[PDB]
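Cβ: placed from backbone, ideal geometry, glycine included. Neighbour counts: every protein chain shown. Each value in this text was obtained by applying a stated rule to the coordinates, not by laboratory testing.
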């Protein structure tokens, strides 16, 4: 007993109170490996998690063999053991693997205890917050901490990640918001596909802004009313503020702004016809950003 | 069964609200286009005055 | 456009065109079309 | 044909697409679309899928009318895993469907999309990956066609 | 001796509707024709013609609004007529309860 | 100027219709969301029986 062990007994008492989970589960949440030792006349955590009930008379244990987590690989009985223990399918198993480690170029992973512990940590992160693997990934991306890997992380960083996830989940529950809605509002990648709504926006802006003079008035102020009309806004100045924000953000793979958008519409846009334009995908991304 | 039917009737009426011509989107476009015309016509009117 | 020809004759400004296409939009049943044309005529008279 | 359009509940532009290009809806190539009940049920299913897509439907239909739609975009639309749809499409391509599913029609034609979605529905009913359904359908033990 | 566990059905799924937009190509200006009248007269002419068009556009908007208010009005009565049948079945079966 | 006043009256009519239709659309979303809890209550009344 020392500073280190006494530091996380408080953490496990917190997790067992907050999440009402068992002691061993809270220890897993405390970045602790699954315990092979069985005491108190009870089967061990590893045995309870994987070995029971025995699958086709095969006993699962840590080994030097390599197990594939690729969903389409149709792995051996060990992959089935992992799926049964985690109560997830192959695709979500691969998604959990990608969530846990960003250094795993291929789906194959080592069958040692550390990788299993990392996978269990990732699974329990979603279990405690009443989310499955998909919302866990989308949440971690929406947070911005999804870039960091759970496999190589500090204990204090893991605790901070737990607190951030709990706070955001509580906020979403208070706001009656789905995780997908938050991901959409916080998304940066934009679909580059023309839509009738986007086409109507382009037609209205091109017709309204035709004959515009740069020195006579600000381009953004002139363009705001048509954007408000097309994008279903109550007020014009809301569209003006959104356009200012978009110009500061420079949306899309080709950084788009009001001047560039107006020039593209003036030169390379022909309303009323379906044609392929190299910059058209960037235009679509900018329109999607405005709507977002 | 009656309450489940009412859920469908509320969805059908909501769908009719969004799908009709003279939905929200037509009036938003009408407001924006007319407001732009109104201000442009205002400058000409005051210049004539 | 018939008035456009008259203006481009009474004034030598053959380049100046004021009536613009797209005043009719079939998406919105062509509503406000005449108010766009009326604004175009008001601009044409102001310049004239 | 008005009673058809109104009863089906399909959107106006997808009805236009169905009238103009029955092949996109997987009707027999070079023939006028059928108001047969067999076509009516698939039209209703298409309308239901469009309604399920929600707000994404506007982009999904536009990408479908072009040869543009992909597994990832449709997965984002249905809030499903992209790998799940990709592997369901792979499994559908591997197995002999009629009509056959090939990468250049798997998301271009509505029939291939329906087959992929059926694979996804059966997998999620069984709570297994599409590889699970692929393993299941291999258990043709009461036949002489194959081992 | 074993008391079986009982499953509680989950909350109903929230029905979702899809709302798509329509797009139509813009028009093109016809061929301009040289007139005979001077500009002030051809302008008073055209301005009159245009104001008549605006008047057809306002009548058309009023028609648009009335058509769809009446389609909703007709829809509500079909929903009410269909909702009544289940209430009749409930009341009849309440009689059997008594 | 009288033409401008006429655009102003059309614009006011548009303003009024836009926001009456935004309220009309809002009420159906509230009704759709209110129905779900009633369905849960009715189902759980069945479990009571």
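Cut-off is 10 Å between beta-carbons; in what order do D:42, C:38 appear when sorted fewest neighbours first?
Values: D:42 20, C:38 23.
The fewest-first ordering by Cβ neighbours comes to D:42, C:38.
How would you rank C:27, F:5, going from fewest to most other Cβ atoms within 10 Å of each one's own Cβ?
Details: C:27 20, F:5 10.
Exposure proxy ranking, most exposed first: F:5, C:27.
Please work out the Cα convex hull volume for the protein assembly as shown and give it in Å³ per residue.
Details: hull volume 171.6 nm³, N = 683.
Convex hull of Cα atoms, per residue: 251 Å³.
Report the residues of the range D:1-19 in range of a label on residue D:32: point 7 Å along Cα→C-beta, backbone N strictly under 17 Å from it.
D:1-5, D:16-19
For Cα pairs less than 8 Å apart in space and 6+ apart in sequence, what is the mean separation divided by the residue count of the range A:110-243, i.e. the relative contact order in percent? Mind dumping the intermediate values first?
Details: 68 pairs, mean separation 22.2, N = 134.
Once normalised by length, the contact order is 17 percent.
Going 7 Å from the Cα of residue A:102 in the Cα-to-Cβ direction, what parts of the range A:137-167 have a backbone nitrogen less than 12 Å from that spot?
The answer is A:141, A:144-153.
With all pairs of different alpha carbon atoms counted, what Kirkwood hydrodynamic radius in Å does chain B show?
13.9 Å
Can you compute the modelled spin-label distance between residue D:98 and residue A:73, with each label point 7 Å from Cα toward Cβ, in nm?
Placing both labels 7 Å beyond Cα along the Cβ direction yields 3.8 nm.
Anyone know which of A:263, A:203, A:215 comes out most mobile in the 10 Å Cα GNM of chain A?
Highest fluctuation of the listed residues: A:215.
In nm, to one decimal, how far is the residue A:215 label point from the residue B:1 one, both placed 7 Å along Cα→Cβ?
Label at residue A:215, label at residue B:1, 7.8 nm between them.
Among D:17, D:38, D:84, which one moves the most in a GNM of chain D with springs linking Cα atoms closer than 10 Å?
Evaluated over chain D, the most mobile residue of the options is D:38.
Report, as an integer, the average count of C-beta atoms from other chains found within 10 Å of each Cβ along F:10-21.
Numbers: counts 10, 7, 0, 5, 11, 5, 1, 7, 8, 4, 1, 10.
That works out to 6 on average.
Would you mind telling me which residue in A:269, A:19, A:39 has the biggest mean-square fluctuation in a Gaussian network model of chain A, where springs connect alpha carbons within a distance under 10 angstrom?
Looking only at A:269, A:19, A:39, the biggest GNM fluctuation is shown by A:39.
State, as an integer percentage, the relative contact order of chain A based on alpha-carbon contacts under 8 Å between residues 6 or more apart.
Numbers: 278 pairs, mean separation 37.0, N = 292.
Rounded, it is 13 percent for chain A.
At a threshold of 8 angstrom on Cα-Cα distance, excluding pairs fewer than six apart, so keeping six or more, what relative contact order does the range A:18-163 reach in percent?
Details: 148 pairs, mean separation 36.4, N = 146.
Reported relative contact order: 25 percent.
Set the Förster distance to 60 Å, then compute FRET efficiency between residue D:67 and residue F:37 from the Cβ-Cβ distance, nearest 0.05. It would help to have the intermediate numbers written out before the result.
On the way: r = 44 Å, r/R0 = 0.74.
Step by step, r from the Cβ atoms, then E = 0.85.
Kindly provide the helix-only [θ] at 222 nm of chain D, computed as the sum of -39,500 (n - 2.57) over DSSP H runs of four or more divided by all residues, to the nearest 500 deg cm²/dmol? Before the final figure, lay out the partial values.
Values: 8 runs with 88 residues, N = 147.
Taking each H run of at least 4 residues, the total per residue is -18000 deg cm²/dmol.
Order these by the 10 Å Cβ neighbour count, fewest first: A:101, C:14.
C:14, A:101
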